[PDB]
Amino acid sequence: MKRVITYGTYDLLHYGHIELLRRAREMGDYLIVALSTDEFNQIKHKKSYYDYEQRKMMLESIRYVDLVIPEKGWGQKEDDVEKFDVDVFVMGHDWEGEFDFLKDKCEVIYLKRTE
């Protein structure tokens, strides 16, 4: 089972996010989304319109989302990848290079048309 993962806040979803998620899920057989908690969301210098729970509920309702886990901080990726047996790590193009350090643990992929 090729397991894919992606991180993000996913606050006011606009079809743009759905496209990213679908493409991500498309690269495996199972997609995990590490949803930024409201505390970390704050750390990221944001104050989401929708709270974690609500954002989680919406993501879970999306056909392409198989599991939503909480992203509580910057240094949990490496651990997540191992803990959840992640095969592919996907992020938007605007993160290109930012997570290459995971390349030795899994397939790192930066999408294209991800404004």
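All residue numbers are counted from 1 along the displayed sequence.
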(request) Would you tell me which stretch averages the higher CA B-factor in the PDB entry, 57 to 65 or 41 to 49? (result) 41 to 49
(request) Could you check which stretch, 29 to 37 or 85 to 93, carries the larger mean CA temperature factor in the entry? (result) 85 to 93
(request) Taking the values exactly as deposited, rank residue 2 by C-alpha B-factor within its chain and report the matching third: lowest, middle or highest. (result) middle
(request) Among all modelled residues of this chain, ranked by Cα B factor, put residue 14 in the bottom, middle or top third, i.e. lowest, middle or highest. (result) middle
